[PDB]
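K.L.:
Sequence first, structure after, both from an experimental entry:
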Amino acid sequence: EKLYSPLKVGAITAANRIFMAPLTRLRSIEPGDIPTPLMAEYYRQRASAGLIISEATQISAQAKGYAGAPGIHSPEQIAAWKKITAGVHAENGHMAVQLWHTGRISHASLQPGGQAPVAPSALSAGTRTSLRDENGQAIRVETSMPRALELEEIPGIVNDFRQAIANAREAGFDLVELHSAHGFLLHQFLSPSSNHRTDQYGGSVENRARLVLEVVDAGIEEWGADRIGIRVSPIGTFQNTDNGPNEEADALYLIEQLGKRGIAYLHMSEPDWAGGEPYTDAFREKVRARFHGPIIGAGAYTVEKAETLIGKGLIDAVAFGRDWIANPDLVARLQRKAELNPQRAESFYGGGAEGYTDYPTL
Ligand SMILES: Cc1cc2nc3c(=O)[nH]c(=O)nc-3n(C[C@H](O)[C@H](O)[C@H](O)COP(=O)(O)O)c2cc1C
């Protein structure tokens with residue numbers, strides 16, 4: 001029954017330990033990347049989660065890499081998100097917004113002026129992103145060759161994250177999750193494989209972690225450390241982007257830096273679901289010694305794996321992804337040991353209510 005006990009996460013208190021991982025569903029209105037009342041119903045159905053982490057959300061127009069993914073930089077996006085957050089809070093839910101810059105995982109057709117996406121270095125992501133075809137449905141297309149960010153542009157990236165954090169507060173979100181994982185811009189700077197810069201944002205691990213820590217510091221000054229969460233995937237390979245040959249020592253450095261700032265939480269995307277060997281207990285203990293706030297584990301999790309790790313004090317909560325897609329009352333189903341609805345993966349991305357808001361409760 002430890003999974004169902006409250007947990008203080010920053011400035012709020014989650015009602016339980018069963019969190020909803022960020023889940024890109026690509027159902028926003030285009031043009032504008034505007035959240036919809038359908039998305040509002042989708043998140044309202046899952047308000048029983050201790051903490052809802054929204055789908056990844058653009059901090060700016062340049063940050064767009066997925067067609068149909070929402071933003072939170074324009075006034076109409078802010079107004080739409082405010083309706084979504086108010087609905088979750090009315091059902092005693094709590095919600096954070098995941099802010100991302102896709103970086104090199106993007107397509108030129110989605111960028112301002114149709115130009116090349118930006119990245120720490122001009123290196124192809126070697127993977128695909130999702131566009132929308134003539135019918136409006138999601139299609140996979142290889143990512144465009146990115147442009148190396150000039151040193152002069154980096155303060156603009158930090159200001160885009162800061163403004164999005166201020167926008168998140170105006171839209172009524174409880175917390176912010178910086179998306180520093182899964183091969184996107186913040187992770188691209190962290191990884192030695194994707195960061196070949198020779199200025200103070202490349203090379204050493206403190207240089208590779210400089211940008212993300214400047215964003216954390218800007219978020220602390222903008223709103224407060226108890227409002228800033230961060231998601232990392234520092235061990236393994238995600239979307240053809242590995243963490244370099246010194247991944248364990250580089251992960252512990254970044255985590256220690258985040259731990260000193262006393263941020264809201266650390267959300268770790270583990271290599272299990274991505275096809276990799278899981279964390280050892282020795283590594284989790286090294287993480288716990290360097291990060292004191294709540295730790296959220298995600299990726300190929302089960303209730304038994306969550307209860308064991310929480311019992312050992314290695315993590316404080318678990319974030320489920322696909323199980324929340326198909327089960328709007330996942331907390332009640334897990335508590336009552338009930339079976340879960342089958343997942344309809346063909347309707348994960350794009351489309352409308354089908355495979356989105358039409359999953360039944362118990
Ligand atoms: C449809 C789908 C969309 C996802 N979108 C995001 C996202 O926007 N941001 C992110 O950090 N992870 C994203 N992920 C990864 C999940 O958040 C999480 O790492 C993973 O799904 C958890 O493993 P689980 O599904 O077995 O519980 C997504 C996963 C799926 C299946």
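P.N.:
Looks like it came in fine. Numbering: from 1, shown residues only.
K.L.:
C-alpha only now, for contacts and for neighbours.
P.N.:
Will do.
K.L.:
ok, and what's touching stretch 208-217?
P.N.:
Contact partners of stretch 208-217, identified using CA atoms under 8 Å, 6 or more residues apart in numbering, comprise 154, 158, 161-162, 180, 186, 189-192, 195, 200-202, 228, 254, 257-258.
K.L.:
one more time with 7 Å
P.N.:
Identification of contacts with stretch 208-217 by CA atoms under 7 Å, 6 or more residues apart in numbering yields 158, 161, 186, 189-190, 201-202, 254.
K.L.:
Can you say which of those are buried?
P.N.:
158, 161, 186, 189-190, 201-202, 254 (16 or more other CA atoms under 10 Å).
K.L.:
Can you name the residue of the stretch 51-200 of the chain nearest the ligand?
P.N.:
Distances between the stretch 51-200 of the chain and the ligand by CA to the nearest ligand atom are smallest at residue 56, namely 3.9 Å.
K.L.:
which SSE is residue 213 in?
P.N.:
Using DSSP states H and E, residue 213 maps to helix 210-222.
K.L.:
right, and the helix or strand after that helix?
P.N.:
Heading C-terminal from helix 210-222, the first helix or strand you meet, by DSSP H and E, is strand 228-232.
K.L.:
Pull up the pairing partners for that next one, direction included.
P.N.:
Paired neighbours of strand 228-232 in the sheet (DSSP bridges): strand 175-180 (parallel), strand 265-269 (parallel).
K.L.:
What is the nearest of the buried ones among the contacts of stretch 208-217 to residue 341?
P.N.:
Nearest to residue 341 among the buried ones among the contacts of stretch 208-217 is residue 186, at 34.8 Å by CA to CA.
K.L.:
quick one: the residue nearest to the closest one when sequence neighbours are not counted from residue 338, how far?
P.N.:
The shortest distance from residue 186 to any residue other than its chain neighbours is 4.7 Å, reached at residue 180 (CA to CA, 6 or more residues apart in numbering). Distance, residue 180 to residue 338, using CA to CA, to the nearest Å: 34 Å.
K.L.:
Same drill for the two, tell me which one is more crowded.
P.N.:
Between residue 180 and residue 338, residue 180 has the larger neighbour count (other CA atoms under 10 Å), namely 26 against 11.
K.L.:
Contact partners for that one?
P.N.:
Contacts of residue 180 (CA under 7 Å, 6+ apart): 186-187, 230-232.
K.L.:
What's opposite it in the beta bridge?
P.N.:
With beta bridges defined as DSSP bridges, residue 180 has these partners: residue 232.
K.L.:
quick one: the helices in this protein?
P.N.:
Under the criterion DSSP state H, the chain contains helices at 37-45, 75-90, 154-170, 185-190, 205-208, 210-222, 247-260, 281-290, 303-311, 322-326, 330-335.
K.L.:
In a markdown table: the strands paired with strand 228-232, plus distance to residue 219.
P.N.:
Shown next, in a markdown table, are the strands paired with strand 228-232 (distance: least, CA to CA, whole Å):
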| stretch | distance to residue 219 |
| --- | --- |
| strand 175-180 | 9 |
| strand 265-269 | 13 |
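K.L.:
how about the ones you listed in a markdown table, adding distance to the ligand?
P.N.:
Listed next are the strands paired with strand 228-232 as a markdown table, based on distance: least, CA to the nearest ligand atom, whole Å:
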| stretch | distance to the ligand |
| --- | --- |
| strand 175-180 | 6 |
| strand 265-269 | 5 |
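K.L.:
Write out the residues of the stretch 1-150 of the chain neighbouring the ligand.
P.N.:
For the stretch 1-150 of the chain, the residues in contact with the ligand (CA under 6 Å from any ligand atom) are 21-25, 55-56.
K.L.:
quick one: which two of the residues you listed are the most distant?
P.N.:
21 and 25 (12.2 Å).
K.L.:
quick one, which of those two is more surrounded?
P.N.:
Legend: neighbour count by other CA under 10 Å for residue 21 and residue 25, higher for residue 21 (27 against 21).
K.L.:
Is it correct that residue 21 is in contact with residue 53?
P.N.:
Yes. The criterion here is CA atoms under 7 Å, and residue 21 meets it with residue 53 at 5.6 Å.
K.L.:
circling back to that earlier point, which among the helices of the chain is found nearest to residue 238?
P.N.:
Of all the helices of the chain, helix 185-190 comes closest under CA to CA, at 10.0 Å.
K.L.:
and the contacts of residue 180, which two are the farthest apart?
P.N.:
The widest separation within the contacts of residue 180 (CA to CA) is 11.4 Å, between 187 and 230.
K.L.:
Neighbour count for the two, which is higher?
P.N.:
Set residue 187 next to residue 230 and count neighbours by other CA under 10 Å: residue 187 wins out with 30 against 21.
K.L.:
residues touching that one, list them.
P.N.:
Taking CA under 7 Å, 6+ apart, we find residue 187 in contact with 180-181.
K.L.:
For it, give its distance to residue 162.
P.N.:
Taken as CA to CA, the span from residue 187 to residue 162 is 18 Å.
K.L.:
ok, now residue 126?
P.N.:
Here the criterion is CA to CA. By it, residue 126 lies 29 Å from residue 162.
K.L.:
And those two? Which one has more around it.
P.N.:
Ranked by neighbour count (other CA under 10 Å), residue 126 and residue 162 place residue 162 first, with 23 against 14.
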